Amino acid sequence: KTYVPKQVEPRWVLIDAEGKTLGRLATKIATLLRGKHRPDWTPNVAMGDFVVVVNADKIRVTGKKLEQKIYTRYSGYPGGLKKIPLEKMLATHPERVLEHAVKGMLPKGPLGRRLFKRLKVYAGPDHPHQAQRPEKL
Amino acid sequence: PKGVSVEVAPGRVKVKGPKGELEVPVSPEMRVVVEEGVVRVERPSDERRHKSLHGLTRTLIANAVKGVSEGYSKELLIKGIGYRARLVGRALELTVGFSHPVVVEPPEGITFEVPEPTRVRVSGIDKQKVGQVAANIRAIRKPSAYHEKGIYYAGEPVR
Amino acid sequence: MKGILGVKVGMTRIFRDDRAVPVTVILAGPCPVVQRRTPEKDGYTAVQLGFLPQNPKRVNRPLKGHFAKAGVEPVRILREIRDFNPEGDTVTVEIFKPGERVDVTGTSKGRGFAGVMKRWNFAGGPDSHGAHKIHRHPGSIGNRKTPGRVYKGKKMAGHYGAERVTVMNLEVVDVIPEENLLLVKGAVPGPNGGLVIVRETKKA
RNA sequence: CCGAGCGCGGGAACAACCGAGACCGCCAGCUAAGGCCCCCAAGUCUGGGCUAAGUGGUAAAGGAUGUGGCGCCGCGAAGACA
RNA sequence: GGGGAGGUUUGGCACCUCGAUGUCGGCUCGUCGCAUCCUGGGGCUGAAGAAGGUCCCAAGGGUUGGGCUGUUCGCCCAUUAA
RNA sequence: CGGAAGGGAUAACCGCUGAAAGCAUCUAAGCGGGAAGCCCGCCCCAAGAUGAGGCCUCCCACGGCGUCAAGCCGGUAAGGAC
């Protein structure tokens, strides 16, 4: 009768971004967002490393994405489709581009939203020097 | 490159000369061989895109140097009836047709003199600024596509 | 970004030289800079004006520490003009020379739960030849199957009035230091005895 | 073949397309189509080329010094193209 | 003479709906599309100027009151940036 | 009273320097100009912005069961309500 783990302590991870390709950094960020890397694995309890990212405003992205990539957000009212590319994203709140990338690669449902309060992206670098910070590569 | 001072950098090349010194950021993937009194550029292949980057920075630099050798001077002719130029200090005011006489702002690194109210020189260390500033002056009043009035170069009119 | 609070005492009209200037009257009885906002420790800049004196009876609230902190007689109301830092004292009407143009906010007359014809100057129907159950009706609201919903914010019957509103570029006509009154151009929201903020205008 | 297999796998979802004929059990393993970065199981696997458009991520006649690749002809060190 | 695109027109097929999916036109309320009527920005012109022609960009906004007609349409009348 | 002004990024388009290609080219490196449109700007909504924020000021221990655990009971402070 398979092992079914108990209580765990989270392992916040210090991750750069400077130079790191978007999705590539997106994936790993998410695979870690759960515990697919920890064979103490469990697909419902939620125990992913609290991913922390600094200098997110510094993410290289392929081809012509910057001028080309188009994030679509729709309200409720007509023409409420606000169209917003990367160019505008980076220059404003840049940390958000690498957000929707990862949130949009996480399990879609309840614990998924759990696996989002785990995500700690910033621009600086610098972040809550708090207590944990294991720098990963 | 007599009396010059060509130099090396991670991603650009400085040009020391009598006139001055201008930043000229060139292609990263090339050699900037600086001999004793001559300057060359080599390309790391023979691709379609390497041929372009080679000859590009092979002239751009020949210009970065030629910018502080004897300096540029971009002429501009003025033709018309009321049309006449006037240097108001270091800036150039002129009356061309519009209700008010527009005044031209001095751009950094470019001082423009005048032979006639009809002739208009434009010095400039950079050859990029020299042509940019000088075209903007043609902009204000573009050539009479039916007569012969407005701004011109030494490049034939329109008739 | 100048800014001063007041009320709407009432409105009539004057005569400039020989032409008639329909004016409304605002009241900037000396206003106490109650607290300010330095980005240093606030996140921005703004000076909160207090207004209308008050017996320390309803002031029993912990606001008294707040006034006593700012050495301010205990008022009855206070709001924030944006980025308006004067000097260590208090702002009169001396702020607005006659002629200067002012932006004037204020809360509108509450017109209850009003009808479409009223809210959105709708058309409704014909007082005449048929139906006689729609004469102040909205009409149709949507389409057949597609979409099958109604547009978020389709002008319909609701509340009309009691909302924040501003009216702008107004010629301050006269200013009465002698007794703290403000002449404008007349059309200013809210009823009499109504609270209203006034600030330098958006023209350039 | 569905119909009578709207039972299962893939195809996002979809009776009839690819896979495979569900007697019941199992927290055993091989496989099929299909896939192997993440939502999602399993290669960000090896090696060589192509594409720069997001092509991929679905259209035609028709158009062009787009890119790479392979051939034929005229001209040229008695000096050509520009 | 050829190639399309759209899915507003007249049809074609008879797939859902005949133990009911109320058809024309108007009023009200609109919303969306651009293939743009106007206003803004351009190329050309057989563009002196003024004016206009055609192509391009561009939905943000605007797109009139009547005569007739069940009319949609259109004709006319007085305008209009339209 | 408002539709703005103005700042920025642009559409078509006009351009500087400039190879590939001894010329030339608005371009492939780099740069500048360019719409009532896009983004701010304006007004209003707005921390159920479950990511629930921030700022100033006021009140402030156990008073009893629960040893360990969060809890539970009557009285209270700011104050709120009726």
# chains A, B, ... in the order shown; residues from 1 in each chain; ligands from 1
$ select_by_dssp --residues "range 26-118 of chain A" --states "helix (DSSP H, G or I)" --output "JSON, numbers by chain"
{"A": [26, 27, 28, 29, 30, 31, 65, 66, 67, 68, 86, 87, 88, 89, 90, 91, 94, 95, 96, 97, 98, 99, 100, 101, 102, 103, 110, 111, 112, 113, 114, 115, 116, 117]}
$ residues_around --residues "range 106-116 of chain A" --least-positions-apart "6" --cutoff "10 Å" --atoms "only C-alpha atoms (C1' of nucleotides)" --output "list in words"
residues 27, 29, 30, 31, 32, 33, 34, 43, 44, 45, 46, 47, 48, 49, 50, 51, 99 and 100 of chain A; 38, 39 and 40 of chain D; 51 of chain F
$ closest_atom_pairs --of "chain B" --to "chain E" --cutoff "12 Å" --atoms "only C-alpha atoms (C1' of nucleotides)" --output "tab-separated table"
residue	atom	partner	partner_atom	distance
B:144	CA	E:48	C1'	10.9
B:145	CA	E:47	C1'	9.7
B:146	CA	E:48	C1'	7.3
B:147	CA	E:48	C1'	9.3
$ write_last_selection --atoms "C-alpha atoms" --output "short mmCIF file (atom, residue, chain, number, x, y, z; two decimals), in the first residue's frame"
data_model
loop_
_atom_site.label_atom_id
_atom_site.label_comp_id
_atom_site.auth_asym_id
_atom_site.auth_seq_id
_atom_site.Cartn_x
_atom_site.Cartn_y
_atom_site.Cartn_z
CA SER B 144 8.07 73.82 -54.76
CA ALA B 145 6.99 70.94 -57.01
CA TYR B 146 5.91 73.53 -59.63
CA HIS B 147 8.29 76.52 -59.28
#
$ interface_residues --of "chain A" --to "chain F" --cutoff "10 Å" --atoms "only C-alpha atoms (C1' of nucleotides)" --output "list in words"
residues 83, 84, 87, 88, 116 and 117 of chain A
$ residues_around --residues "residue 181 in chain C" --least-positions-apart "6" --cutoff "6 Å" --atoms "only C-alpha atoms (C1' of nucleotides)" --output "ChimeraX atom specification"
/C:26-27,175
$ atom_distance --atom1 "CA of residue 166 in chain C" --atom2 "CA of residue 106 in chain C"
6.1 Å
$ interface_residues --of "chain A" --to "chain E" --cutoff "12 Å" --atoms "only C-alpha atoms (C1' of nucleotides)" --output "ChimeraX atom specification"
/A:77-79
$ residues_around --residues "residue 56 in chain E" --least-positions-apart "2" --cutoff "10 Å" --atoms "only C-alpha atoms (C1' of nucleotides)" --output "PyMOL selection string"
(chain E and resi 42-43+58) or (chain F and resi 12-13)
$ write_last_selection --atoms "N, CA and C atoms (P, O5', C5', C4', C3', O3' and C1' of nucleotides)" --output "PDB file, in the first residue's frame"
ATOM      1  P     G E  42      -0.621  64.503 -43.518  1.00  0.00           P
ATOM      2  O5'   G E  42      -0.698  63.196 -44.414  1.00  0.00           O
ATOM      3  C5'   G E  42       0.115  63.057 -45.562  1.00  0.00           C
ATOM      4  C4'   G E  42       0.571  61.636 -45.741  1.00  0.00           C
ATOM      5  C3'   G E  42       0.828  61.209 -47.175  1.00  0.00           C
ATOM      6  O3'   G E  42       2.121  61.554 -47.625  1.00  0.00           O
ATOM      7  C1'   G E  42      -0.606  59.654 -46.172  1.00  0.00           C
ATOM      8  P     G E  43       2.300  62.273 -49.041  1.00  0.00           P
ATOM      9  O5'   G E  43       2.264  61.050 -50.055  1.00  0.00           O
ATOM     10  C5'   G E  43       3.135  59.941 -49.891  1.00  0.00           C
ATOM     11  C4'   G E  43       3.049  58.994 -51.063  1.00  0.00           C
ATOM     12  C3'   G E  43       2.770  59.636 -52.415  1.00  0.00           C
ATOM     13  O3'   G E  43       3.921  60.189 -53.029  1.00  0.00           O
ATOM     14  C1'   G E  43       1.250  57.899 -52.104  1.00  0.00           C
ATOM     15  P     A E  58      -5.392  49.860 -40.761  1.00  0.00           P
ATOM     16  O5'   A E  58      -6.232  50.923 -39.919  1.00  0.00           O
ATOM     17  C5'   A E  58      -5.635  51.657 -38.856  1.00  0.00           C
ATOM     18  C4'   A E  58      -6.446  52.885 -38.505  1.00  0.00           C
ATOM     19  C3'   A E  58      -7.922  52.647 -38.207  1.00  0.00           C
ATOM     20  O3'   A E  58      -8.151  52.238 -36.873  1.00  0.00           O
ATOM     21  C1'   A E  58      -7.697  54.462 -39.714  1.00  0.00           C
TER      22        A E  58
ATOM     23  P     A F  12       2.362  50.510 -41.824  1.00  0.00           P
ATOM     24  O5'   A F  12       2.114  51.250 -43.210  1.00  0.00           O
ATOM     25  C5'   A F  12       1.012  50.899 -44.034  1.00  0.00           C
ATOM     26  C4'   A F  12       0.395  52.112 -44.682  1.00  0.00           C
ATOM     27  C3'   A F  12       1.350  53.016 -45.440  1.00  0.00           C
ATOM     28  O3'   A F  12       1.670  52.527 -46.728  1.00  0.00           O
ATOM     29  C1'   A F  12      -0.060  54.332 -44.073  1.00  0.00           C
ATOM     30  P     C F  13       3.204  52.442 -47.191  1.00  0.00           P
ATOM     31  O5'   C F  13       3.677  53.964 -47.111  1.00  0.00           O
ATOM     32  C5'   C F  13       2.994  54.973 -47.840  1.00  0.00           C
ATOM     33  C4'   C F  13       3.314  56.358 -47.331  1.00  0.00           C
ATOM     34  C3'   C F  13       4.770  56.776 -47.375  1.00  0.00           C
ATOM     35  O3'   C F  13       5.198  57.143 -48.669  1.00  0.00           O
ATOM     36  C1'   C F  13       3.807  57.436 -45.318  1.00  0.00           C
TER      37        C F  13
END
$ atom_distance --atom1 "CA of residue 197 in chain C" --atom2 "CA of residue 114 in chain C"
26.7 Å
$ atom_distance --atom1 "CA of residue 34 in chain C" --atom2 "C1' of residue 47 in chain F"
25.1 Å
$ closest_atom_pairs --of "chain C" --to "chain E" --cutoff "8 Å" --atoms "only C-alpha atoms (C1' of nucleotides)" --output "JSON lines"
{"residue": "C:123", "atom": "CA", "partner": "E:28", "partner_atom": "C1'", "distance": 6.9}
{"residue": "C:124", "atom": "CA", "partner": "E:28", "partner_atom": "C1'", "distance": 5.8}
{"residue": "C:125", "atom": "CA", "partner": "E:28", "partner_atom": "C1'", "distance": 6.4}
{"residue": "C:126", "atom": "CA", "partner": "E:27", "partner_atom": "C1'", "distance": 7.9}
{"residue": "C:138", "atom": "CA", "partner": "E:28", "partner_atom": "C1'", "distance": 6.8}
{"residue": "C:139", "atom": "CA", "partner": "E:28", "partner_atom": "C1'", "distance": 4.4}
{"residue": "C:140", "atom": "CA", "partner": "E:29", "partner_atom": "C1'", "distance": 5.0}
{"residue": "C:141", "atom": "CA", "partner": "E:29", "partner_atom": "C1'", "distance": 5.5}
{"residue": "C:142", "atom": "CA", "partner": "E:30", "partner_atom": "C1'", "distance": 7.5}
$ residues_around --residues "range 30-33 of chain F" --least-positions-apart "5" --cutoff "9 Å" --atoms "only C-alpha atoms (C1' of nucleotides)" --output "list in words"
residues 25, 128, 132 and 136 of chain B; 14, 15, 16 and 17 of chain F
$ residues_around --residues "residue 86 in chain A" --least-positions-apart "5" --cutoff "7 Å" --atoms "only C-alpha atoms (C1' of nucleotides)" --output "VMD selection string"
chain A and resid 66 to 67 69 to 70
$ write_last_selection --atoms "N, CA and C atoms" --output "short mmCIF file (atom, residue, chain, number, x, y, z; two decimals), in the first residue's frame"
data_model
loop_
_atom_site.label_atom_id
_atom_site.label_comp_id
_atom_site.auth_asym_id
_atom_site.auth_seq_id
_atom_site.Cartn_x
_atom_site.Cartn_y
_atom_site.Cartn_z
N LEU A 66 9.00 40.52 -28.05
CA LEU A 66 8.85 41.79 -27.35
C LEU A 66 7.80 42.68 -28.03
N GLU A 67 8.01 42.96 -29.31
CA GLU A 67 7.08 43.77 -30.08
C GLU A 67 5.90 42.94 -30.59
N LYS A 69 4.60 39.62 -29.03
CA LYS A 69 3.80 38.89 -28.04
C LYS A 69 2.63 39.72 -27.54
N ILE A 70 1.44 39.12 -27.55
CA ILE A 70 0.23 39.86 -27.22
C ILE A 70 -0.63 39.20 -26.15
#
$ interface_residues --of "chain C" --to "chain A" --cutoff "9 Å" --atoms "only C-alpha atoms" --output "PyMOL selection string"
chain C and resi 151-154
$ write_last_selection --atoms "N, CA and C atoms" --output "PDB file, in the first residue's frame"
ATOM      1  N   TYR C 151     -25.389  43.058 -22.306  1.00  0.00           N
ATOM      2  CA  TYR C 151     -24.130  43.783 -22.162  1.00  0.00           C
ATOM      3  C   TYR C 151     -23.944  44.312 -20.750  1.00  0.00           C
ATOM      4  N   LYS C 152     -22.854  43.910 -20.102  1.00  0.00           N
ATOM      5  CA  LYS C 152     -22.538  44.451 -18.790  1.00  0.00           C
ATOM      6  C   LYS C 152     -22.578  45.963 -18.888  1.00  0.00           C
ATOM      7  N   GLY C 153     -23.521  46.569 -18.177  1.00  0.00           N
ATOM      8  CA  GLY C 153     -23.691  48.008 -18.210  1.00  0.00           C
ATOM      9  C   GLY C 153     -24.640  48.508 -19.287  1.00  0.00           C
ATOM     10  N   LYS C 154     -25.692  47.746 -19.568  1.00  0.00           N
ATOM     11  CA  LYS C 154     -26.721  48.235 -20.471  1.00  0.00           C
ATOM     12  C   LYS C 154     -27.563  49.240 -19.719  1.00  0.00           C
TER      13      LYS C 154
END
$ residues_around --residues "residue 2 in chain D" --least-positions-apart "4" --cutoff "10 Å" --atoms "only C-alpha atoms (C1' of nucleotides)" --output "number ranges by chain"
D: 6, 15-16
